[PDB]
Amino acid sequence: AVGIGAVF
Amino acid sequence: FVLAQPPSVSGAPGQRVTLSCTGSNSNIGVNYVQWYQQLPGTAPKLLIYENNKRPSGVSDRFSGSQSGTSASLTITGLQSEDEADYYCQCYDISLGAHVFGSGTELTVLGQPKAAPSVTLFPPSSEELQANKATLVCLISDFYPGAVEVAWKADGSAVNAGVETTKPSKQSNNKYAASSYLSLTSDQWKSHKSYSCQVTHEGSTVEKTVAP
Amino acid sequence: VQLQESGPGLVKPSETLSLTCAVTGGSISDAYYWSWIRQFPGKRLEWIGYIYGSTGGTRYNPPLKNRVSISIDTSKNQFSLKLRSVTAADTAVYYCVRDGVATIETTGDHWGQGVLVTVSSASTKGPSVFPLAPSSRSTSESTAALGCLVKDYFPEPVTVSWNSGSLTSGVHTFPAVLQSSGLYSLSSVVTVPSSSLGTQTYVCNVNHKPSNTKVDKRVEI
């Protein structure tokens with residue numbers, strides 16, 4: 001993720 | 001803190017420094033690592049994502065790397081405007097959460113000494129109309145971050161009614177503080193002059209105000 | 001493109017923290033993750049949870065799952081946080097954040113400005129705002145400093161501008177002091193050319209959102 005997002 | 005970071009790391013200007021982030025097989029070992037920079041008063045800013053990618057507008061002196069259960073932020077050509085807090089961030093499978101590191105404070109060494117600039121204000125007329133008087137002593141642009149503030153009324157020390165902030169870092173990496181002497185109208189009118197004395201690296205700058 | 005949290009404030013212990021983030025420059029329904037992240041005094045960062053714009057699916061930090069709810073409102077293009085049964089441990093700065101576009105020239109993720117929520121049984125109190133006009137000898141110099149004293153408020157924060165934001169250079173707003181009474185004071189000062197004290201008007205704009213109060217104070221001669 002570009003930051004905090006999908007875990008993988 | 002599941003991601004352990006050195007609380008403080010320092011470098012000389014122009015040098016290369018590496019900020020470490022130590023994790024486990026349930027986070028850094030398996031999931032992407034992000035790096036955030038936080039300057040005083042501002043939200044965190046993404047410097048690195050997905051272990052080693054850099055967004056547009058982040059200087060190329062910053063670069064990220066990961067191996068095993070450890071990750072690293074690398075700064076080349078170190079500058080004073082790189083002084084900030086740096087956090088690593090990853091996802092932890094066993095906690096099921098996105099987590100932040102404990103944080104590393106980066107100081108750039110060899111910055112020149114700077115004496116505090118000092119402004120002292122008398123009480124406003126309209127605060128005096130409410131029968132009160134606050135003297136305000138504003139202190140800015142000193143380095144390093146330690147200062148001592150003492151008040152005097154005519155000659156003598158004032159030992160009551162003073163509230164003084166801790167120094168806090170400015171955007172330009174120098175420091176600011178302020179100090180408040182709270183009096184009544186009659187106290188203010190009673191003495192001939194009041195003084196704010198600021199001691200910094202063994203010398204003092206003093207300002208005076210009179211009724 | 002831009003995220004803005006709702007206003008700062010006081011919450012009584014055991015009650016419910018309720019925040020909203022207004023989004024502009026993009027759709028709350030886009031395929032992005034909308035997070036709440038807080039930073040405590042002491043600087044520790046904690047991820048609270050997120051909601052996915054396209055589906056409304058949520059994930060929460062597991063210790064918080066029984067207390068927290070994140071939601072989306074399409075009509076207002078905004079998302080919200082509710083954290084119940086709050087205690088002094090929940091005093092923190094709360095940020096809304098969205099992950100960044102996945103293209104090579106991405107700017108990164110997008111963070112709001114953060115909103116201070118303080119949990120306390122103490123009562124809210126708005127400030128007195130007093131003008132700081134320079135002593136006589138300072139007007140004799142080439143530049144003069146004038147300012148505003150914002151005295152005896154709770155809780156943090158207060159913001160100061162000068163002349164409605166049309167005066168930037170020379171402005172310095174100092175961090176507040178926490179007094180023994182338990183109340184805050186801060187000062188804002190701007191340095192200006194001494195010649196201008198007759199021509200120009202100087203007004204400082206104090207905003208204390210926790211008590212819904214705003215004061216525009218003229219600094220007189």
# chains A, B, ... in the order shown; residues from 1 in each chain; ligands from 1

call {"tool": "closest_atom_pairs", "arguments": {"of": "chain A", "to": "chain B", "cutoff": "7 Å", "atoms": "only C-alpha atoms", "output": "Markdown table"}}
result
| residue | atom | partner | partner_atom | distance |
| --- | --- | --- | --- | --- |
| A:1 | CA | B:50 | CA | 6.7 |
| A:2 | CA | B:49 | CA | 5.7 |
| A:3 | CA | B:49 | CA | 6.2 |
| A:7 | CA | B:91 | CA | 6.8 |

call {"tool": "residues_around", "arguments": {"residues": "residue B:108", "least_positions_apart": "6", "cutoff": "12 Å", "atoms": "only C-alpha atoms", "output": "PDB file with C-alpha atoms, in the first residue's frame"}}
result
ATOM      1  CA  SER B   8      18.066   9.087  19.288  1.00  0.00           C
ATOM      2  CA  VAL B   9      20.515   9.143  16.361  1.00  0.00           C
ATOM      3  CA  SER B  10      22.787  12.047  15.412  1.00  0.00           C
ATOM      4  CA  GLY B  11      24.989  12.883  12.449  1.00  0.00           C
ATOM      5  CA  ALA B  12      27.319  15.652  11.239  1.00  0.00           C
ATOM      6  CA  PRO B  13      26.183  17.739   8.257  1.00  0.00           C
ATOM      7  CA  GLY B  14      26.955  16.263   4.854  1.00  0.00           C
ATOM      8  CA  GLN B  15      27.373  12.785   6.384  1.00  0.00           C
ATOM      9  CA  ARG B  16      25.346   9.554   5.935  1.00  0.00           C
ATOM     10  CA  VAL B  17      23.128   8.246   8.740  1.00  0.00           C
ATOM     11  CA  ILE B  75      19.903   9.674   4.717  1.00  0.00           C
ATOM     12  CA  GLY B  77      24.258  14.398   2.578  1.00  0.00           C
ATOM     13  CA  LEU B  78      22.718  15.113   5.946  1.00  0.00           C
ATOM     14  CA  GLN B  79      21.164  18.570   6.370  1.00  0.00           C
ATOM     15  CA  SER B  80      19.854  20.519   9.329  1.00  0.00           C
ATOM     16  CA  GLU B  81      16.398  20.574   7.768  1.00  0.00           C
ATOM     17  CA  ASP B  82      16.330  16.800   8.222  1.00  0.00           C
ATOM     18  CA  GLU B  83      15.997  17.164  11.995  1.00  0.00           C
ATOM     19  CA  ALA B  84      12.621  15.580  12.756  1.00  0.00           C
ATOM     20  CA  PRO B 144      20.823  24.878  22.110  1.00  0.00           C
ATOM     21  CA  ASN B 173      15.490  24.117  14.511  1.00  0.00           C
TER      22      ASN B 173
END

call {"tool": "closest_atom_pairs", "arguments": {"of": "chain C", "to": "chain A", "cutoff": "9 Å", "atoms": "only C-alpha atoms", "output": "Markdown table"}}
result
| residue | atom | partner | partner_atom | distance |
| --- | --- | --- | --- | --- |
| C:32 | CA | A:5 | CA | 7.6 |
| C:33 | CA | A:5 | CA | 5.6 |
| C:34 | CA | A:5 | CA | 8.4 |
| C:35 | CA | A:4 | CA | 7.8 |
| C:50 | CA | A:5 | CA | 8.3 |
| C:52 | CA | A:5 | CA | 8.9 |
| C:97 | CA | A:4 | CA | 8.5 |
| C:98 | CA | A:4 | CA | 7.7 |
| C:99 | CA | A:3 | CA | 5.1 |
| C:100 | CA | A:2 | CA | 5.0 |
| C:101 | CA | A:2 | CA | 6.9 |
| C:102 | CA | A:2 | CA | 6.4 |
| C:106 | CA | A:2 | CA | 8.4 |
| C:108 | CA | A:2 | CA | 6.2 |
| C:109 | CA | A:3 | CA | 5.5 |
| C:110 | CA | A:3 | CA | 8.8 |

call {"tool": "closest_atom_pairs", "arguments": {"of": "chain B", "to": "chain C", "cutoff": "8 Å", "atoms": "only C-alpha atoms", "output": "CSV"}}
result
residue,atom,partner,partner_atom,distance
B:42,CA,C:113,CA,7.4
B:43,CA,C:113,CA,6.2
B:44,CA,C:111,CA,7.7
B:45,CA,C:109,CA,7.9
B:46,CA,C:108,CA,5.8
B:47,CA,C:108,CA,7.8
B:55,CA,C:107,CA,5.2
B:56,CA,C:105,CA,5.1
B:57,CA,C:107,CA,6.7
B:95,CA,C:62,CA,7.4
B:96,CA,C:62,CA,6.9
B:97,CA,C:61,CA,5.5
B:98,CA,C:47,CA,6.1
B:99,CA,C:47,CA,6.4
B:100,CA,C:45,CA,6.0
B:102,CA,C:44,CA,6.8
B:103,CA,C:44,CA,8.0
B:119,CA,C:145,CA,7.7
B:121,CA,C:132,CA,6.3
B:122,CA,C:135,CA,7.1
B:123,CA,C:132,CA,7.3
B:124,CA,C:131,CA,6.0
B:126,CA,C:130,CA,7.1
B:127,CA,C:130,CA,6.7
B:136,CA,C:187,CA,8.0
B:163,CA,C:179,CA,6.3
B:164,CA,C:177,CA,6.7
B:165,CA,C:177,CA,5.3
B:168,CA,C:175,CA,7.7
B:176,CA,C:174,CA,7.3
B:177,CA,C:174,CA,7.3
B:178,CA,C:174,CA,7.3
B:209,CA,C:135,CA,7.2

call {"tool": "atom_distance", "arguments": {"atom1": "atom CA of residue B:132", "atom2": "atom CA of residue B:158"}}
result
17.0 Å

call {"tool": "atom_distance", "arguments": {"atom1": "atom CA of residue B:155", "atom2": "atom CA of residue B:191"}}
result
10.1 Å

call {"tool": "atom_distance", "arguments": {"atom1": "atom CA of residue B:72", "atom2": "atom CA of residue B:87"}}
result
10.7 Å

call {"tool": "residues_around", "arguments": {"residues": "stretch 196-198 of chain C", "least_positions_apart": "4", "cutoff": "9 Å", "atoms": "only C-alpha atoms", "output": "VMD selection string"}}
result
chain C and resid 139 144 192 202 220 to 221

call {"tool": "closest_residue", "arguments": {"among": "B:51, B:59, B:156, B:69", "to": "residue B:29", "atoms": "only C-alpha atoms"}}
result
B:69

call {"tool": "residues_around", "arguments": {"residues": "residue B:41", "least_positions_apart": "2", "cutoff": "9 Å", "atoms": "only C-alpha atoms", "output": "list in words"}}
result
residues 38, 39, 43, 170 and 171 of chain B

call {"tool": "select_by_dssp", "arguments": {"residues": "chain B", "states": "strand (DSSP E or B)", "output": "ChimeraX atom specification"}}
result
/B:4,8-11,17-22,34-38,45-49,53,62-67,70-75,84-92,97-100,104-108,114,117-121,132-143,148-153,156-158,162-164,168-169,175-184,194-200,203-209

call {"tool": "select_by_dssp", "arguments": {"residues": "stretch 25-180 of chain B", "states": "alpha helix (DSSP H)", "output": "number ranges by chain"}}
result
B: 125-129

call {"tool": "write_last_selection", "arguments": {"atoms": "N, CA and C atoms", "output": "PDB file, in the first residue's frame"}}
result
ATOM      1  N   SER B 125      -3.963  48.008  28.918  1.00  0.00           N
ATOM      2  CA  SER B 125      -4.850  48.875  29.680  1.00  0.00           C
ATOM      3  C   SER B 125      -6.139  48.157  30.061  1.00  0.00           C
ATOM      4  N   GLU B 126      -6.678  47.343  29.154  1.00  0.00           N
ATOM      5  CA  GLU B 126      -7.962  46.735  29.454  1.00  0.00           C
ATOM      6  C   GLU B 126      -7.833  45.565  30.414  1.00  0.00           C
ATOM      7  N   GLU B 127      -6.683  44.884  30.456  1.00  0.00           N
ATOM      8  CA  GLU B 127      -6.518  43.948  31.564  1.00  0.00           C
ATOM      9  C   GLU B 127      -6.390  44.701  32.889  1.00  0.00           C
ATOM     10  N   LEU B 128      -5.741  45.880  32.887  1.00  0.00           N
ATOM     11  CA  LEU B 128      -5.645  46.691  34.102  1.00  0.00           C
ATOM     12  C   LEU B 128      -7.016  47.178  34.559  1.00  0.00           C
ATOM     13  N   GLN B 129      -7.929  47.417  33.614  1.00  0.00           N
ATOM     14  CA  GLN B 129      -9.272  47.824  33.994  1.00  0.00           C
ATOM     15  C   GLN B 129      -9.997  46.710  34.736  1.00  0.00           C
TER      16      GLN B 129
END

call {"tool": "residues_around", "arguments": {"residues": "residue C:7", "least_positions_apart": "2", "cutoff": "10 Å", "atoms": "only C-alpha atoms", "output": "PyMOL selection string"}}
result
chain C and resi 4-5+9+19-21+114-117+208-210+212

call {"tool": "write_last_selection", "arguments": {"atoms": "N, CA and C atoms", "output": "tab-separated table (two decimals), in the first residue's frame"}}
result
chain	number	residue	atom	x	y	z
C	4	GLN	N	-10.32	17.00	6.01
C	4	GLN	CA	-10.44	17.97	7.10
C	4	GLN	C	-11.25	17.39	8.25
C	5	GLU	N	-10.60	17.16	9.39
C	5	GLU	CA	-11.34	16.69	10.56
C	5	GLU	C	-12.24	17.79	11.12
C	9	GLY	N	-12.10	19.38	20.82
C	9	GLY	CA	-13.01	19.53	21.93
C	9	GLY	C	-12.76	18.61	23.09
C	19	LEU	N	-16.18	11.95	15.77
C	19	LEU	CA	-15.47	12.82	14.83
C	19	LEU	C	-15.96	12.57	13.42
C	20	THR	N	-15.79	13.58	12.56
C	20	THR	CA	-16.00	13.41	11.13
C	20	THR	C	-14.85	14.04	10.36
C	21	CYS	N	-14.60	13.47	9.18
C	21	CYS	CA	-13.59	13.94	8.24
C	21	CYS	C	-14.31	14.25	6.94
C	114	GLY	N	-5.28	16.92	11.84
C	114	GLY	CA	-5.29	16.41	13.19
C	114	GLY	C	-6.21	17.27	14.03
C	115	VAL	N	-6.91	16.67	14.99
C	115	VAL	CA	-7.79	17.41	15.87
C	115	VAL	C	-7.55	16.93	17.29
C	116	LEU	N	-7.26	17.86	18.20
C	116	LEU	CA	-7.05	17.52	19.60
C	116	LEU	C	-8.38	17.25	20.30
C	117	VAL	N	-8.52	16.04	20.81
C	117	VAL	CA	-9.64	15.66	21.65
C	117	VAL	C	-9.09	15.35	23.02
C	208	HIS	N	-10.83	29.80	19.57
C	208	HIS	CA	-10.91	28.73	20.57
C	208	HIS	C	-12.14	27.89	20.21
C	209	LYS	N	-11.95	26.93	19.31
C	209	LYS	CA	-13.05	26.06	18.90
C	209	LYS	C	-13.69	25.28	20.04
C	210	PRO	N	-12.96	24.76	21.04
C	210	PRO	CA	-13.65	23.97	22.08
C	210	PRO	C	-14.76	24.73	22.79
C	212	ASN	N	-16.32	27.28	21.07
C	212	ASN	CA	-17.05	27.90	19.96
C	212	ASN	C	-16.87	29.41	19.95
